[PDB]
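Everything on this sheet refers to the single structure shown next.
Below, read A as the first sequence line, B as the second, and so on, with proteins coming before strands; counting in each chain starts at 1.
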Amino acid sequence: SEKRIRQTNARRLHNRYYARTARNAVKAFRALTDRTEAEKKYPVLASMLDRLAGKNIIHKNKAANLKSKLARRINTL
Amino acid sequence: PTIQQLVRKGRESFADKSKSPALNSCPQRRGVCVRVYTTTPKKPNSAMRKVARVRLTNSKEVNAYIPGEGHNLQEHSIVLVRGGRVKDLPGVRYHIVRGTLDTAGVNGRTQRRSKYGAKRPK
Amino acid sequence: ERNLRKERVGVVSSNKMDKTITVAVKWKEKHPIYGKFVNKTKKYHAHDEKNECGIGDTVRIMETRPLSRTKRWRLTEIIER
Amino acid sequence: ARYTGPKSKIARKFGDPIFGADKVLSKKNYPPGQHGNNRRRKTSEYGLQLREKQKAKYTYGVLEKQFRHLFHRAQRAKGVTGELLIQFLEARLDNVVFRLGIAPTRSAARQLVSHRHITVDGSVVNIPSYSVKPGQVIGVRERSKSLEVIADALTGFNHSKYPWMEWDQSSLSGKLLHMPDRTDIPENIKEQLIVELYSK
Amino acid sequence: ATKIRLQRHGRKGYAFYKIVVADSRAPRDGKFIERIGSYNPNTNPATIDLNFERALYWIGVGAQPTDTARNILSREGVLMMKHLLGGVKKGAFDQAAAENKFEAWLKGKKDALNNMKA
RNA sequence: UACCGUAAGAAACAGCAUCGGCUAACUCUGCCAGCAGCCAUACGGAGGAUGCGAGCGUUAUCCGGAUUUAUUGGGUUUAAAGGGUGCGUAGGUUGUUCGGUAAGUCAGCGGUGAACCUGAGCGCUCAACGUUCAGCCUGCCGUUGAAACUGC
RNA sequence: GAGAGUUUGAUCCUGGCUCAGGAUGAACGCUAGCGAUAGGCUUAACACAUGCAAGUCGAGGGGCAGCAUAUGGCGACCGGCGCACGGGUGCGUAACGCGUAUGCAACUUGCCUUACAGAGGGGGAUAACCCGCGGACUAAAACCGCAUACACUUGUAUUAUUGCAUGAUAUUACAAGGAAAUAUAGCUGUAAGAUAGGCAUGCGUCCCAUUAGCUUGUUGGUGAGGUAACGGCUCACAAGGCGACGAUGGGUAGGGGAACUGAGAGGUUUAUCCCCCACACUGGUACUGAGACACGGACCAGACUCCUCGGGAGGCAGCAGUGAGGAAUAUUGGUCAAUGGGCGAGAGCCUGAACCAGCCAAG
Ligand SMILES: [K+]
Ligand SMILES: [K+]
Ligand SMILES: [K+]
Ligand SMILES: [Mg+2]
Ligand SMILES: [Mg+2]
Ligand SMILES: [Mg+2]
Ligand SMILES: [Mg+2]
Ligand SMILES: [Mg+2]
């Protein structure tokens, strides 16, 4: 019975770390102004979101929504 | 009424009422006799009927008629009460089931034994 | 090869909303018990992008996805004014 | 259950010796009890219908639930209700044995059927209420073809005159041709009274 | 996954099975997508009724049969690769001729003589 | 399935004055009771008879006759039941005729709607029951037509 | 598709009542032989002790206490899959909850099937073991990078066709970004299928008007955020929306097919059976997961109960005892032989589902 508790707790910490990292990266990217700098840091954050969706921490549709929003912003500066 | 009147209002149906409401749809009930007394019938009938005031388990007071020749019922006796009303007696709409719990069968019976809880003679 | 969304024909009952209108559709059918044919109406809420409808005009509406809270129809055509 | 009571009482109550021939029916033609042969109080039409139903039941050895089910079957079936009821009563296995003459009385036929001395289509059937269909073969079981009672019952029954029954003494068996008509059935039961009693 | 299995439907002491296509999570005698046959194991010839076309379709789309359902399908001849042949055509298996194999095996009948001479 | 030897191990319950199928004696307020009512063709016992029968009676609950909520299918002078009388809002109903429309209405086609329940089988020695197949789909939805009637 | 009696001195009406008939998950009284086939706490989502009810894989990994000289296998540990089903209950709920019929050009879907591609390199932890609760070491199909996917996601452009408005589909791309497992059967990406969910709609869905006004995210818009997904779902102008075709409030109830009943119309109930919904001592919050009201998971707050002085446990609406309540309802039974389910390459293991047996005037 403790095996389920331990596995659930370890997985909860593991998921929380990566989800929080991705959320902070998205929040930091949303505040950028320089178009060249935003275009330079967009690929790494897109990679982070797609890797999260692959690891199943978030949904592929959620990653797609976030990437679409950030690409639209980078288009409009 | 007109069809428009019936469309507007409609018809009403009223559910009937139980002839023995203190049973609460149970076929029988358990009770305790408060007072075991004797009563007089209506005008065209003359006798001394044996009735008991019974407190049912559902906290209801009933008047139950004790049938058969003679009984051993007293106060604080646990009895079984079933439905059935006597015509001449007013307000007595229940019967005591003989041969169950405290009340015993009618002694000396040979016919209609199952109605008075009398065992088959040897 | 589409799946033929529902369509209704009704009469505009209100237009005092930003790009939303109320359409009342009335019909007759027999009473389930007494057999008399009775009138009943049903109201709707439709989307009108161009605000091209007044009051009392006969309109045709089609079923759409939820566009708001209790707004599931769009205005296809206007049959009468 | 079975009636298994005295038979001359029922015979005298109904007048007709429905259980065969007896020496008691003469010099005694009154219903049993101390109140017999004291004139005849007017019995109602309902009483007459009831007595006809009881006569049929005591004749064929059938209890009330089975009789009611037989009436339901006749009502469902196509034809005259009373004629169908009498045909169904006569189509029972014990009645078929009795008509074939393997046993002297209907109760004797029922006892033989129950004790498994009767075969239907080559197989042992021991349900006395079994409904025999035309074209079937009902015969004595091979292990009991030399029973003294069966031999005595068949002695003198060389007639086998029933049109709807074909008897073969070589095989000790018989077959049913068709369902006989009510007029051909030799029973004094007025099925119309039973029909109205059960339908009203 | 989607499965081909039997629902027990007879009575006590006499089992009759309904060959259905059902989701594996469904109750044994409960919801089913489709009914494709019946199975009576009480008769010695082991009576089987089956819808060949529908059974083949469900096998094609990937329903997984239970052990007894697979045996029934094999006996009826659904389990074949004649359609799987990519290099041949009109390959009449004709195995139904051998699968007939009518087992008309009966039992001899004996009787006991009645020597009741008394 | 077969052999030993055995009628041997196996019947009660409720009625019996009319309705209701069943009768006379002995007792006698005790009682009975669905009703008419009875303190004896009605109470208790005895003998008989009548229902049913491994059951038979009592109570409770539900349905039908009950048209006692009446669309099918009731009424309102005197049995319960016309508002004290008008005007009038919503609603309900709308003389005759011509032409449109097709909402009601009518018709065709298509889809959809385990077990149980209905004719025919098959298997349970019969039967309950189990099972197969023909006959119900008589609601809903979609799509084509008709225009007598109602609606617009 | 049929009954009877009863108001009077007598009659014809009106009108209620009482008896006849059918049925039950019934109970009670007297009595009781068998077989078959059904059913069995209807009263409180009452209370208790014991046991069982969900595990499996040594063809994933380090290992080896129970055996042959790690090899048979296997306690524990890491890891994969399952426990969200089967099973139980009817509290709540008058609601797109349920029935019937549709829509999603606003959706998701583990295991299963098919088709097209690919399985290249590397790193760090920490269980167990060991030394004492703390420390040290280490493996994986555990976890995480880098490489390759242009079948996928995102952005832009071109061409063509087309729908029901938002639009949809198909070639052309350039650009960026996203995987894998090995052991003796498998793994990863994409697409289609099948299955299972979700959302939204037309119609139908109990009484009280001795309940007539209700509503301020409330009705619509713009934008943003969020979600699998559309949307006041949430957050930063206009005043609208619902209402005698019954809003709002109060009371009561899980809903259907069945079943019973009647000539029919209809009426009664959802006991056993099937489908949908709701729930798991009472509330709140989430986590894990393809999937959660989490039925043999967690945290917190309550109350109740039990065992212990530092505290620790339980939830009987899974199956059997028992007690209480009641007119009233059974064994702390056998087996996985059959059907179904989980896991496993298979053999196989588990299964209070199930199949059986026991008890009960018992239909
Ligand atoms: K007119
Ligand atoms: K999973
Ligand atoms: K098994
Ligand atoms: Mg019987
Ligand atoms: Mg008057
Ligand atoms: Mg007047
Ligand atoms: Mg990579
Ligand atoms: Mg999750």
Starting from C1' on G:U31, measure out to CZ on B:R113 and report it in whole angstrom.
8 Å
Between G:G231 atom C1' and C:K71 atom NZ, what is the distance in whole Å?
11 Å
Apply side-chain contact (heavy atoms from CB on, under 4.5 Å) to D:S129 and D:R92, showing your working.
CA-CA 5 Å; D:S129 63; D:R92 293 166 47 95; 3.5 Å; yes
For [N], which nucleotide in any strand shown is its Watson-Crick or wobble partner with both distances under 3.5 Å?
N	result
G:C30	F:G55
F:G75	none
G:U109	none
F:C13	none
G:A236	G:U222

Would you say the base of [N] and the side-chain of [X] have a donor-acceptor pair closer than 3.5 Å?
X	N	value
C:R69	G:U218	no
E:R25	G:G110	yes
A:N9	G:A298	no
E:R11	F:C124	yes
E:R28	G:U339	yes
B:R11	F:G74	yes
B:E69	F:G30	no
B:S114	G:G29	yes
A:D50	G:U153	no
B:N45	F:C38	yes
C:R2	G:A105	yes
B:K115	F:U58	no

I'd like the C1' distance from G:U227 over to G:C208, given in whole Å.
42 Å
If we take the P atom in both G:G246 and G:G204, what is their distance in whole Å?
10 Å
Is D:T119 reaching over with its side chain to a backbone N or O of D:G122, donor-acceptor style, under 3.5 angstrom?
no
Report which part of the nucleic acid [X] touches: base, sugar-phosphate, or nothing (heavy-atom distance under 4.0 Å, all strands).
X	value
E:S24	sugar-phosphate
A:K40	nothing
A:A63	nothing
B:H71	nothing
E:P65	nothing
D:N126	base

Is it the case that D:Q136 and D:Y130 place a side-chain donor and acceptor less than 3.5 Å from each other?
yes
Nearest nucleotide by nearest heavy atom, which residue falls closer to the 5' end of RNA chain G, A:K69 or B:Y116?
B:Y116
Taking the ring of B:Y65 and the ring of B:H95, is the distance between their centroids below 6.0 Å?
yes
Inspect the six-membered rings of G:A194 and G:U195 and say whether their centres lie under 5.5 Å apart and their planes under 30° apart.
yes
In this structure, do the base rings of F:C22 and F:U23 stack on each other (centres less than 5.5 Å apart, planes differing by less than 30°)?
no
Of the options G:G231, F:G53, F:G104, whose atoms approach the side-chain atoms of D:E64 most closely?
F:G53
Check: B:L56 and B:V81 side chains under 4.5 Å, non-hydrogen atoms:
yes
